[PDB]
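Structure first, commentary second.
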Ligand SMILES: [Ca+2]
Ligand SMILES: [Ca+2]
Ligand SMILES: [Fe+3]
Ligand SMILES: [Fe+3]
């Protein structure tokens, strides 16, 4: 019926009157702030904190927890639902972390959703403006489809490296930031395939199939030492804090930043390709989004923990060193691609300047934070020793 | 107080009871489709058509109007609020036009807003990732600050060219598309300035002042004929369709597409400039969006009008020849910018080819639509003459 | 001074834990604490309300010391005792796949936790074990889970049945 | 040169080829089953499209909240009983959403087929949206409500009471501790399929019946995300149904899963619905029977039959123990009202007529007790009376199941009254049913959760509340109350003077 059948307490005369009659004449407490007891990272409490902090039911025996008692149900053997034992790192309070961007689900999907639709329009303009006409056939069929297409699995692998962390993180603020770091990675991977799928639609004869890129990844040479580092950070690491740290503050900051930015984002232009750099723009904005959180977690919080500063800083340097090597190995194996580029596309003087940029940045954004002594020269020379 | 003081009929038991009692058993008509009497362009009437079509109170003496009688108040002298006398074109119904993108206000600001936010994120990730390091100094300080910047006034002029149309357009659907074509142009002009203001922040010594690019615009040679054409389209055309048609189906289709895409989009990537191509992507997207509306109005509705097709085509051919000449002059002078580039940046063949692309795109997307007999060889040859 | 989060019995252990300044007894004391105060097989339940918190406050001190008194290679392959992480994991899994029943398997897993739980064993190997050890325990346990009547099951667990009330 | 683009499906076409083989490509969690890496997911989503479909729902929801609803003062014109009830429903469901995050992350790890992982991953995100959605409901009610206490700090104040322990079992620990597959049965196969999904809508029905338009606005959004999780749960069984181990463990983990969930919600939901409201929608008996018996245990379970899934054996039994369960529970809840973070109310004349009408014999037992309690002054803070006292005086011990954490009083209950007490290695254990007894007997080290009496034993009530900040702004008035009126609110002092001292009830057996 036009009026319907269900009567509603807010609008139904009889029911609403009963509700109104039962109402007090003033709120039974003037304190209307849902996260009032939470200690602000900034001047005022943000919606981000009120909605996130302490949603995890940890007891006090887990740094920061506010509940009490053992869990109600545990793993066969007795393993706690969550516990201190799942990470080498120790802290005064696991709830100290704060995403500099204050990203909860809402803002998070709002931004990626805008990007998705911005992306869709971009592709329709690009195709209608016929920009594909100025793109180098070789670069397209060989470097974007094969090598770039194969890097899809690199990002994809770094994504899955977040599965355990999504299950073991010791706090809500760390769990959300972490899940977003992983989601952004799968995003990029799917974006590399999106481009390949696009090209297929406007470039007859272009196969979107992963077949080619996959084989270059699984049984290739360019990304051999690379895949080994990924299969390691993902399946061989069991400490959630080691995966997040190692991946975002070691592997991906060196190998990843060099490949995405110092190779494609830098060479794609010279081949009349404004398409790929469009997606690499996203992956780089994302990288910088994550980095702020990854720094706030492992440095501001852990590395600078008022009681375990020394401890963590040591364990991290330990990881920094444990992975800096597999990283370096994955970078030199990448060099074998520079001899694939048409003769006269890039001299080593550049590679040295770009290879030094990935390292230098890494040093100012990570290594120097945990007081890890890194030698720019030895690093650069090491990966170079595999070049051409 | 907690409950408030104003009583609402939807919630106040007493008032609601009064409203509920005066209500009918069901709706007094089952046709709950606002705009139900509008001939849909597609399967079913769209929200875009319903919220727009017939909003303009035209009387039957202005093709397609549903009202009757003269206006209530006219200009001193007798000039009608709206009238046939403000355009040379004729049609059987001014309300035929449909924006292929069905953009009414909400969708429009939604997309531009996403673009604003996405742009904001881009710059932060671009700046934080330190990408200017790789941008060639000369290209940045001379070709972006001076020449790209100067192009800001070209787009600004084209924007202003839409002022009269906003007041004179004979229908709501046409007015709205016009307003959006114009508003998209002012935005581009502002993005070109957004880029300069940005470089001023991350590149020490870069002056964001518009003086330099403005002196280039108002006094230089490279843009001389372009400025002359723009000043004319803007202020010497008193016919709202000649203005919109000539701007989008002649001048911006040739000069604009050449400068944005065949010069800047094409050359910036060569000088390690991913910054400008970012904004050009928007302009090209906007250009492709407008083209659809422009083609629907001038080609599908007017140029193919069942009663005035041959007439409108004659007039648009007239307008095309009128503005093709000053547009060729605009391109001819632009050719001068090539001699300003670093030796070996591009050659006569690359320029001639890019020139032929633009003209061929123009010939099939516009000229051929009205049977304008355009000769590609002749146009390119006339422009090439400006190659200093 | 009674409390749930702050109480004498707790202030007592931090006072005690503080005296530690050698990874030696620290590591040893953690294992003891675990043997007496954790799991159904604990030696006592007198710290029931505070053991979880103290255990962690203990693990902390053991971590800081083990970090300062261990080289990088060992810190991730050698237990706080001196044992070789891997060798243990593989031994415990070797024995677990040997167990002739749930009852045996059960004792191998629980005992494993009490002994090598970090900061003793490196987390990587610990959870790696937790994967295999837990898989064995469950496989045996969940096999014909309901066939054994409660009466008989109760004798197997060996509980002191103190009271049974059932109108049905 | 036609305007072209690429969509979710188009990219998802090759998502399956994203995973590659290598020695260590295996789950990090202990399990008894093998999920086929050949499994597919129903919805072909990409991170980006997923973001878009959820941001659209957000815009509506938050638009209604911040605008139309705020203008209608929808945050205030809600019945006092329901404003309270939502402190529990929203925050308690919040933990379910939050642990479901970890749960699906664990399942995302278990999955081998790239599509199944993506399916679970999609949920990981939904649960995060739900965690924040439930958080927003309390947040909104705290800011625009008639009583912010409880809504504003349930996250910490919920730790004072016993109802919370049980919630954690089915919605926290149940979702993540154990064979990943068992955790999937708790969460998706039973949790969401049998309870969560339909209660979400049910909650909106009761909310609207009581003036709450805020909750319907948020829960209905959350609702829209549930068909993906159930599909994830369904695909879980499909991914193992082809494995021999499955036929050897699936039904046993599912039955434990069924009992685990029903054990808490059967009594708890009925109580929140029928006692935390003024206007009713439908007797819990009706609802329960329909949900669990005909829909879940009937239609839904019937679909997986072909996959080797049988109706839980403890099903008949669950029905037996159900009828008076929620009515039995509220007695304990109100009796221990000072341990909550919300305000409870005693049934009024209209309600008592409703209960008796729909639950023959309700008055002769619960009705009379409540009237007895009220006449004695349980609502007035100068009476010095707390119903917990009535339980002591009439020798009616209140125990806590060692497994489910659910409070039960066998000497008074009109529902089940079985009681099994054991002792093992110096500790006593109390069980309320044959199924939970078995789980402990078989897996004693999985359930070592200290009950409320164990922790509070010897402590004076007033100081337990004080230490856990069970007070309101003024630091004098309690958050919890034995009535929902504006005046005569009990203070910590009114409690201290009672001189109530917690005792471990199992100790009576010596
Ligand atoms: Ca000149
Ligand atoms: Ca040449
Ligand atoms: Fe959920
Ligand atoms: Fe769900």
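Chains as they are written, first to last, in PDB author numbering: chain D, 2 to 389; chain C, 2 to 389; chain F, 3 to 170; chain B, 18 to 527.
Don't be surprised by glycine CBs; every beta carbon is placed ideally from N, CA and C.
- For residue 296 of chain B, the closest alpha carbon among the candidates D:385, D:3, D:11 is that of D:11.
- In chain order, the residues with a C-beta atom nearer than 7 angstroms to some heavy atom of ligand 1 are C:222, C:225, C:334.
- In its chain, beyond the 5 residues on either side, 234, 235, 238 have a beta carbon closer than 7 angstroms to the beta carbon of residue 78 of chain B.
- Between the stretch 305 to 322 of chain C and the stretch 264 to 275 of chain C there are fewer than three C-beta pairs closer than 8 angstroms, too few to call the two in contact.
- Relative to residue 228 of chain C, the option among C:240, C:215, C:181 whose CA is nearest is C:215.
- The closest heavy atom of ligand 3 lies less than 8 angstroms from the beta carbon of residue 147 of chain B.
- Counted as a single uninterrupted DSSP element, the stretch harbouring residue 247 of chain B is not any beta strand (DSSP E) but the alpha helix (DSSP H) occupying residues 243 to 258.
- Residue-level contact by beta carbon fails for residue 128 of chain F and chain B, as no gap is shorter than 9 angstroms.
- Within the stretch 238 to 278 of chain D, the complete alpha helix (DSSP H) segments of 4 residues or longer fall at 241 to 247, listed in chain order.
- For secondary structure counted as the beta strand (DSSP E) over 3 or more consecutive residues, the stretch 318 to 352 of chain C holds no complete run.
- For the stretch 67 to 82 of chain D, the beta-carbon criterion of a distance under 7 angstroms to any beta-carbon of chain F is satisfied by 69, 71, 76, 77, 78, 79, 80.
- Between ligand 3 and residue 239 of chain B, a heavy atom-to-CB distance of less than 8 angstroms is present.
- For residue 446 of chain B, the uninterrupted beta strand (DSSP E) segment begins and ends at 444 to 448.
- In the DSSP assignment, residue 498 of chain B falls outside any alpha helix (DSSP H), carrying neither H nor E.
- In this chain, the alpha helix (DSSP H) harbouring residue 471 of chain B covers 469 to 473.
- Chain D places a beta carbon closer than 9 angstroms to that of residue 119 of chain C, counting this residue as a contact.
- Taking 8 angstroms as the upper bound for CB-CB distance, residue 254 of chain C and residue 157 of chain C are not in contact here, some 18 angstroms apart.
- Within the stretch 18 to 94 of chain B, the alpha helix (DSSP H) runs of at least 4 residues that lie entirely inside it are, in chain order, 25 to 29, 64 to 81.
- Residues of chain C with a Cβ closer than 7 angstroms to the Cβ of residue 94 of chain B are, in chain order, 12.
- The closest heavy atom of ligand 2 lies less than 8 angstroms from the beta carbon of residue 350 of chain C.
- With fewer than 16 other beta carbons inside 10 angstroms of its own, residue 261 of chain B counts as exposed.
- Excluding residues up to 5 positions away in sequence, 32, 33, 35, 36 lie with their Cβ nearer than 6 angstroms to the Cβ of residue 131 of chain B in the same chain.
- Distances from the CA of residue 162 of chain C to each of C:146, C:126, C:182 were compared; the closest alpha carbon is that of C:182.
- DSSP, read as helix, strand or coil, puts residue 425 of chain B in strand.
- For residue 114 of chain B, the distance from the CB to the nearest heavy atom of ligand 3 is below 8 angstroms.
- Not a single C-beta of chain C is nearer than 9 angstroms to the C-beta of residue 191 of chain D.
- The contact set of residue 213 of chain D on chain B, defined by CB atoms closer than 8 angstroms, is empty, because the minimum CB distance reaches about 11 angstroms.
- Contact of residue 467 of chain B with chain F is assigned, a C-beta pair being separated by under 9 angstroms.
- Relative to ligand 4, the beta carbon of residue 213 of chain B is positioned inside 8 angstroms of a heavy atom.
- Between the beta-carbon of residue 274 of chain D and that of residue 105 of chain D there is about 37 angstroms, and that puts the pair past the 8 angstroms contact cut.
- Nearest CB-CB separation between residue 28 of chain D and chain C: below the 9 angstroms threshold.
- Here residue 126 of chain B is buried. Its C-beta has 16 or more other C-beta atoms within 10 Å.
- For ligand 3, no non-hydrogen atom lies closer than 8 angstroms to the CB of residue 68 of chain C.
- Listed as beta-bridge partners of residue 103 of chain D by DSSP are no residues whatsoever.
- Here residue 6 of chain D is exposed. Its C-beta has fewer than 16 other C-beta atoms within 10 Å.
- In the DSSP assignment, residue 191 of chain C falls within the alpha helix (DSSP H) that extends over 173 to 203.
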